[PDB]
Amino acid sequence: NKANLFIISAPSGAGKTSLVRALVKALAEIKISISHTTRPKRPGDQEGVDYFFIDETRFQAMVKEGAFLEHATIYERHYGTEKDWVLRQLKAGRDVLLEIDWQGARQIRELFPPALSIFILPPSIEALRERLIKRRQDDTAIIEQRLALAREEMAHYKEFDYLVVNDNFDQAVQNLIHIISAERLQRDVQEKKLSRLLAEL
């Protein structure tokens, strides 16, 4: 009952989306924020599952309205975290996972100090290229551009609280579980959850 935000960032092709989806299956009382994006809906994508897919007009509206807790521009497209959904989850006592880039992370850290951030590292640059190329949904020409953006994303790893290497899926998931589980044992969180016990003693 002292819910927190858990920021997860990684270069494209690091396997972050899959890790986060397994994480929420393994843990209770934690949900993934579904972002809004102007990035074109790809074959395979599902509205309300991968993203809320909208156009620039809609997204710009939300920005001016202040509907986003956080928003950024990435590869000439827009992504943002709808503010109200997140706050409803926190109110309900559920932790929230934010799969956002380094720019969004900076915003969240300012706005919600207790937030913890985790950076997912690939075991090699070649691992990124491999995973990205195998996504037939993606253009195989923007690769050299996406990999360039990946190295720049990774240069920001120093801004994060934890680093986790995705070299073995199960182990990486287990490490994410350690990090969230430990947060939930912090004195600040426990003062609330153990209110009755601490009262007795």
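Residues carry their position along the shown sequence, with the first being 1.
Peer 1: Taking the recorded C-alpha temperature factors, which stretch has the higher mean, 170-178 or 34-42?
Peer 2: Comparing 170-178 with 34-42, the higher average CA B-factor belongs to 34-42.
Peer 1: Comparing 142-150 with 46-54, which has the greater mean CA B-factor as deposited?
Peer 2: Comparing averages over the C-alpha atoms only gives 142-150.
Peer 1: Between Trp102, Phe119, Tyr75, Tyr79, which carries the biggest CA temperature factor in the record?
Peer 2: Out of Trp102, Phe119, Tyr75, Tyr79, the record gives the largest C-alpha B-factor to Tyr75.
Peer 1: Say you rank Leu163, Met62, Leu132, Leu27 by Cα B-factor from the PDB entry; which sits at the top?
Peer 2: In the PDB entry, the greatest C-alpha B-factor among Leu163, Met62, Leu132, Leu27 is found at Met62.
Peer 1: Considering every modelled residue of the chain and its Cα B-factor in the PDB entry, is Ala3 in the lowest, middle or highest third?
Peer 2: Its C-alpha B-factor, which the entry lists for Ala3, ranks in the lowest third among residues of this chain.
Peer 1: Tell me, lowest, middle or highest third: where does the Cα B factor of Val96 rank within its chain?
Peer 2: CA B-factor rank for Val96: lowest third.
Peer 1: Check where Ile125 lands among this chain's C-alpha B-factors and tell me if it's the lowest, middle or highest third.
Peer 2: It belongs to the highest third of the chain when residues are ordered by C-alpha B-factor.
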